[PDB]
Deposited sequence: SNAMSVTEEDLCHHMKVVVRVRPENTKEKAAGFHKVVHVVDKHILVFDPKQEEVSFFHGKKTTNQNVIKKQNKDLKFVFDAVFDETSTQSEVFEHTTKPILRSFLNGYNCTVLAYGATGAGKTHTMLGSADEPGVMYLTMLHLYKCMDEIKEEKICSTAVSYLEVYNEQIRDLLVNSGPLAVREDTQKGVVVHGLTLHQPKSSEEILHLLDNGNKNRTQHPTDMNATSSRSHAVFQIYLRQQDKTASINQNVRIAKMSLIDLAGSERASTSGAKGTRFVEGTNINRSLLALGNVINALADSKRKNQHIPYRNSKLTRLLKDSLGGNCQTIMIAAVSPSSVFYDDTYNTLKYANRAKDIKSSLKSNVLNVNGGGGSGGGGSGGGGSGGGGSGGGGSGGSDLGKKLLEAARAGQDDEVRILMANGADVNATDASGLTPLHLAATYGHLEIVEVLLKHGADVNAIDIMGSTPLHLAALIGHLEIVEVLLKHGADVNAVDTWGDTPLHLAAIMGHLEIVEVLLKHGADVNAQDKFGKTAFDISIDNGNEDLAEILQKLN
C-alpha cells in the first residue's frame, strides 16, 4: 500500500482577517476531520502534520525513514499533491531561510553514504526536469523539448535528459539549486509563488559491497506538482491560461490514474498513463515496485473548502494503491563479406570470397552472409554462397534461419532456392515462429502455398499457442484462412 500524508499549512494573513472557522481539524497523528460539527468526515492517514509543523518534522516522517531501504536498492518516490497555495513548493523546495524536503533528503542521503563508505561503495546519477505545457525540459542544462520513450525493459525514459554525477552533498545541492532557478516561475502581483510546471528531481543510486565478497540500483523521484487553477477564481488569460489548462489536464490524467489503480478490482485493466507526460514519468512510481509517499497539502480555511475536500478524497483513495516491493539487481574479411552480402554487391562478394573470406562468418547477432542476402533479396549472392558451403540452416542468437527471413520479407525465388538446398521448412525461432507463421502474418500468399507444398507443419504453434490458421482467423484474413482450411 502507498503511503499518504497530509500537511495542513498555517493560515496566512488573508485567512486570519476573514475569521471563517477552520474546516480541517487534527485529532490524532493518524486521524483528521474534514468539516466538524456539516459533513464531519473522519480520515485516517499514515501521518498528519498540523500548522506548527516544521520542515524537519515532515522530513522525519516521510523520506528519512525510507533512505535506508533506498540504499538497500529499493525505489522511492515523494510527490507533493494538492490545491494552489496549499504549500507543496514550500514543503518540497523550501524558502531562502527554511530548506525543503528535497534539500533535507539529499543532505541526509550523502551523510548516510559517508558513514558507510567502509562497508559499501555508492555512486549517484541525478537529473532534474520540468513538465511544462505537456513538454519536458531539462532544468540543469538548457535542453529543448525532450521525447518520452518506453521499453518493457527500461520502462519510461526521457531521451536527451542530461545525467549528472555529483560525489558530495554540496555538489548535488548545487544542481538542485541550479534547477530551482531555471524552473519556469512567473512573478505575478496577485500570486507571488505559483508553480507553472511540475518539478521532478530523480536520483539513480548504484551500490556495491565494498569488497564485493552484485550491484543494487534504485530510483528516487522527488516531485513538486503545480496545482490546478480555476480560470474563474483566478481569471487567467494569455500564457497563464494555457498554463492552467495544461496543468488541469495533467491533474485530470493523474486523477484517472489514481482511480484506476485504486481498489480497481481490475489489475488486468488498462491504466491511462499516456494521457499526460506527467503520468508517464510517474508510471513506475505509482503502486509498482516503488515505495511511494504522497504529501497531500491542504489549507485549513473554509475559503478553500471544495479545494481541500478534493485533495482529501484523492489522498484517501491513493492509500488503496497496492505495491509489491523488491530490491533491484573473427576475421577482417568476414565483416566485409557480411556488409557486401547485405548491400547486394555481387562483385565485391566474388572478390572477397576469392581472397578466402569466411562464407559462414557471423556478426554480433549471429547473422551470416546467407541470412543477410536472403533478407534483402539478393538471389545471386544467395546461390553463390550456397554453392560454396554456406550453412542453409544456420541460426542467429534469436533462432532465425535464412528461410525465416526470406519468408518474412516475401522473396519467393529465394525461398525456393533455400528449400531446394535443404532448408528446414519447420525451423522454430525463439518466438516459436516457423517460416509459415511469418509468411502468414505478412500476407505473402504465394510463399504460404510454397511452404505448405514443401511440408510446412500447419499445426505448429508460437509462444502464444497460435498456429498459422489461428492467425488468419484472428486477422479476418479470409484469403489466407481459406487455403489453410485443411
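Missing C-alpha coordinates mark the following deposited-sequence intervals, in order: 1-13, 51-71, 248-250, 367-396, 554-555.
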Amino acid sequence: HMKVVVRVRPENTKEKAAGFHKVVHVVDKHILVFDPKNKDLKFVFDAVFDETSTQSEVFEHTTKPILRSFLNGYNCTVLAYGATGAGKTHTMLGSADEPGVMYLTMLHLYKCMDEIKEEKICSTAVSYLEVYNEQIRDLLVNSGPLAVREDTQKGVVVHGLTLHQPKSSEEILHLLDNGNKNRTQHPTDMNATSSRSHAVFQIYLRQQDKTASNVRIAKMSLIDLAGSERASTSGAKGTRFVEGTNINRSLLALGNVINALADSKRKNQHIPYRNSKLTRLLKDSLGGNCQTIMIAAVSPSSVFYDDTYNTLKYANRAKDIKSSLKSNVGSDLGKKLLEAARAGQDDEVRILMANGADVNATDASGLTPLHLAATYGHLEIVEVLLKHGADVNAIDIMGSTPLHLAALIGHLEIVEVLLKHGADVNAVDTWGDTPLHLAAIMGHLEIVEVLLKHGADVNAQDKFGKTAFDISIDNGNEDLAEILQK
From here on, numbers count along this sequence of modelled residues.
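When the mean C-alpha temperature factors of 83-91 and 371-379 are read from the deposited coordinates, 83-91 comes out higher. Relative to one another, 193-201 and 229-237 have unequal mean CA B-factors, and 229-237 is the one with the higher figure. Of the candidates 37, 454, 437, 421, the one whose C-alpha carries the top B factor in the deposited record is 37. The PDB entry assigns its highest CA temperature factor, among 283, 313, 387, 326, to 326. In the deposited entry, the Cα temperature factor of residue 469 sits in the bottom third of values across the chain's modelled residues. Among all modelled residues in its chain, residue 52 ranks in the highest third by Cα B-factor.
Among the modelled residues of its chain, residue 155 has a C-alpha B-factor that falls in the middle third, as given in the PDB entry. In the PDB entry, a CA B factor belonging to the middle third of its chain's modelled residues is recorded for residue 70.
When all modelled residues of the chain are sorted by CA temperature factor, residue 244 is found within the middle third.
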